[PDB]
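What follows is a set of notes on a single structure, which appears directly below.
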Amino acid sequence: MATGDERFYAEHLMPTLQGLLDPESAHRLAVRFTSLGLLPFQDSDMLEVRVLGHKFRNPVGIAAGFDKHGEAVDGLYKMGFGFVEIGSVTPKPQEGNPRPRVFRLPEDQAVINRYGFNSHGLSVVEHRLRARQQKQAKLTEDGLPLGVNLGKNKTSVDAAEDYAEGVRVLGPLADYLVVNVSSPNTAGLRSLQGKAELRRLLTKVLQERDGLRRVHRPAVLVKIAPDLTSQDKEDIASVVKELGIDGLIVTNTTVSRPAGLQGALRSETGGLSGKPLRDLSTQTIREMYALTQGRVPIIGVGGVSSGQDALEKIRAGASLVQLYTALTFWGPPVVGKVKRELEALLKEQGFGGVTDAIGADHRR
Ligand SMILES: Cc1cc2nc3c(=O)[nH]c(=O)nc-3n(C[C@H](O)[C@H](O)[C@H](O)COP(=O)(O)O)c2cc1C
Ligand SMILES: C/C(O)=C(\C#N)C(=O)Nc1ccc(C(F)(F)F)cc1
Ligand SMILES: O=C(O)c1cc(=O)[nH]c(=O)[nH]1
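See the structure below:
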């Protein structure tokens with residue numbers, strides 16, 4: 030419990046917790062424990081990455097969705113994440129979908145969720161981040177940056193204005209912002225990934241970002257689905273290059289249900305995460321890196337539970353990776369495990385550090 034032993038968590042604690050609590054209760058309890066700093073690896077220099085205007089002490093971040101309301105940021109750095117992304121946050125508070133809305137597929141090492149952007153809203157999150165703003169400035173300066181992921185309200189009549197409000201309110205408190213246009217759980221949202229709509233939306237977002245004072249001006253990334261057509265991907269690449277978007281987060285959860293899922297809850301509605309998403313996400317990273325000529329930083333996400341999974345996404349083109357669903361199976365020790373395995377594999381494959389491996393599959 031205090032040592033952070035990989036076998037104890039994986040074989041005993043996590044399976045027992047999963048037997049006692051429904052998945053949303055487990056999520057809530059985990060946010061509480063983490064936020065209080067009740068948790069069970074010294075980052076080598078090889079793991080440092082400079083991208084998005086910042087130093088990252090290691091490339092393993094916590095993906096959006098775990099800490100939707102910015103309650104557990106310090107506890108997540110304490111767990112060993114090199115960067116934390118909170119959100120998605122919507123402009124006004126909203127409850128999200130009815131419960132149950134989160135489902136485990138233990139036989140598949142996967143989760144399906146349909147939270148529907150349950151959010152405390154911008155104002156609450158703004159005050160929560162303001163209460164630790166200078167502590168975060170020091171963390172960022174120390175190589176531990178903070179990302180804020182923005183969503184839109186269910187009943188909003190103007191999606192772009194929702195994201196612009198997010199830029200104005202939380203942009204000043206974030207090292208990077210994410211325009212989340214890839215939740216599967218908000219009606220109409222994924223259609224904003226289409227070319228004309230994306231160009232209009234991101235033009236407005238970047239104008240708002242550019243209007244912030246220079247020390248409060250974050251990088252802006254777009255988080256995309258794993259379910260895009262070839263046409264969709266080509267269009268996103270074109271718009272991102274045309275507008276000078278700072279990066280992409282690849283990928284959100286999938287609405288697909290890969291052949292072979294075994295969990296009893298495989299046909300629940302929602303986005304699927306974890307191991308069945310892993311290679312779909314990796315392949316989306318590979319395609320987006322190629323379409324952007326390796327000039328647009330990618331944060332790779334989807335099914336990472338080991339150093340090999342992280343390195344495959346880095347070699348496919350990610351400069352940084354994130355994970356969430358693996359934590360629900362393996363607990364806290366998985367963060368240090370990914371980092372230690374990633375360092376060992378980089379050495380084994382002749383890389384001087386993470387930076388050298390970024391996009392390495394495209395050069396062979
Ligand atoms: C319970 C849950 C909630 C999520 N909520 C969000 C969210 O609010 N915003 C977002 O951009 N992604 C959200 N995601 C997606 C994750 O950030 C990540 O893209 C995806 O789960 C793939 O990573 P993983 O396989 O490591 O979980 C959520 C995922 C899960 C499992
Ligand atoms: C949806 C979801 O978050 C869960 C389920 N099911 C869950 O177990 N969460 C969860 C469980 C444990 C941790 C930690 F590692 F930090 F201790 C983090 C998140
Ligand atoms: O709140 C949610 O349902 C949610 C948002 C998102 O971006 N991705 C996801 O899998 N769930």
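Going by the authors' numbering, the letters in the sequence shown line up with residues 30 to 69, 73 to 396, in that order. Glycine is no exception: its CB is placed at the ideal position from the N, C-alpha and C atoms.
DSSP puts residue i in a beta bridge; with which residues?
{"i": "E117", "result": "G179"}
{"i": "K255", "result": "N212, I281"}
{"i": "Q126", "result": "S151"}
{"i": "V333", "result": "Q354"}
{"i": "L304", "result": "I144, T286"}
{"i": "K87", "result": "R82"}
{"i": "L137", "result": "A142"}
{"i": "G93", "result": "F115, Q354"}
Using a Cβ-Cβ cut-off of 8 Å (strictly less than) and excluding sequence neighbours within five positions of residue i, which residues of its own chain qualify?
{"i": "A55", "result": "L46, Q47, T360"}
{"i": "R245", "result": "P204"}
{"i": "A31", "result": "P69"}
{"i": "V211", "result": "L182, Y195, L233, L234, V237, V252, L253, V254, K255"}
{"i": "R327", "result": "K273"}
{"i": "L275", "result": "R231, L234, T235, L238"}
{"i": "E40", "result": "none"}
{"i": "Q168", "result": "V105, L161, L178, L205"}
{"i": "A192", "result": "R232, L233, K236, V237"}
{"i": "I277", "result": "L234, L238, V252, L253, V254, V271, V328"}
{"i": "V213", "result": "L221, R222, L224, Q225, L230, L233, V254, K255, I256"}
{"i": "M43", "result": "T360, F361, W362, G363"}
Leaving out the 5 sequence neighbours to the left and right, which residues in its chain are closer than 7 Å to residue i when beta-carbon positions are compared?
{"i": "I330", "result": "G279, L280, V282, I317, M320, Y321, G349, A350, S351"}
{"i": "residue 70", "result": "A gap in the chain, from 69 straight to 73, means residue 70 has no coordinates in the model shown."}
{"i": "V157", "result": "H101, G102, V121, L202"}
{"i": "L108", "result": "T63, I94, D99, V116"}
{"i": "residue 72", "result": "In the model as presented, the chain runs from 69 straight to 73, which leaves residue 72 without coordinates."}
{"i": "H152", "result": "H101, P125"}
Could you give the distance in angstroms between the alpha-carbon of residue i and the alpha-carbon of residue j?
{"i": "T122", "j": "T187", "result": "11 Å"}
{"i": "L58", "j": "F98", "result": "11 Å"}
{"i": "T301", "j": "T314", "result": "23 Å"}
{"i": "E35", "j": "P125", "result": "37 Å"}
{"i": "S262", "j": "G226", "result": "12 Å"}
{"i": "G332", "j": "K345", "result": "6 Å"}
{"i": "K110", "j": "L79", "result": "17 Å"}
{"i": "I144", "j": "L137", "result": "8 Å"}
{"i": "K369", "j": "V247", "result": "35 Å"}
{"i": "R249", "j": "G339", "result": "32 Å"}
{"i": "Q74", "j": "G112", "result": "9 Å"}
{"i": "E380", "j": "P91", "result": "18 Å"}
{"i": "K170", "j": "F37", "result": "34 Å"}
{"i": "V180", "j": "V199", "result": "9 Å"}
{"i": "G363", "j": "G220", "result": "34 Å"}
{"i": "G33", "j": "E375", "result": "19 Å"}
{"i": "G243", "j": "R89", "result": "29 Å"}
{"i": "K371", "j": "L378", "result": "11 Å"}
{"i": "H159", "j": "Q165", "result": "9 Å"}
{"i": "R289", "j": "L312", "result": "11 Å"}
{"i": "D190", "j": "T218", "result": "14 Å"}
{"i": "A269", "j": "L49", "result": "45 Å"}
{"i": "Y147", "j": "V83", "result": "31 Å"}
{"i": "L260", "j": "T387", "result": "28 Å"}
{"i": "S215", "j": "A163", "result": "29 Å"}
{"i": "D174", "j": "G292", "result": "44 Å"}
{"i": "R61", "j": "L67", "result": "9 Å"}
{"i": "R395", "j": "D207", "result": "30 Å"}
{"i": "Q325", "j": "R133", "result": "39 Å"}
{"i": "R241", "j": "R131", "result": "36 Å"}
{"i": "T172", "j": "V81", "result": "13 Å"}
Note down, in chain order, each residue of its chain lying with its Cβ closer than 6 Å to the Cβ of residue i, except the 5 sequence neighbours on either side.
{"i": "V336", "result": "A342, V353, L355"}
{"i": "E139", "result": "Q294, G295"}
{"i": "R347", "result": "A389, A392, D393"}
{"i": "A358", "result": "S337, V366"}
{"i": "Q141", "result": "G306, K307, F361"}
{"i": "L309", "result": "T286, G334, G335"}
{"i": "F383", "result": "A389"}
{"i": "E373", "result": "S338, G339"}
Since I believe residue j is in contact with residue i (beta carbons under 8 Å), could you give me their beta-carbon distance rounded to a whole number of angstroms?
{"i": "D77", "j": "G385", "result": "7 Å"}
{"i": "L209", "j": "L176", "result": "Their Cβ separation, rounded to whole angstroms, is 17 Å, which puts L209 and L176 out of contact at 8 Å."}
{"i": "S64", "j": "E117", "result": "Incorrect: roughly 16 Å between the Cβ atoms, too far for contact."}
{"i": "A257", "j": "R222", "result": "6 Å"}
{"i": "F135", "j": "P52", "result": "6 Å"}
{"i": "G85", "j": "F115", "result": "Their Cβ separation, rounded to whole angstroms, is 13 Å, which puts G85 and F115 out of contact at 8 Å."}
{"i": "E197", "j": "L161", "result": "With a Cβ gap of about 15 Å, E197 and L161 do not count as contacting."}
{"i": "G119", "j": "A96", "result": "5 Å"}
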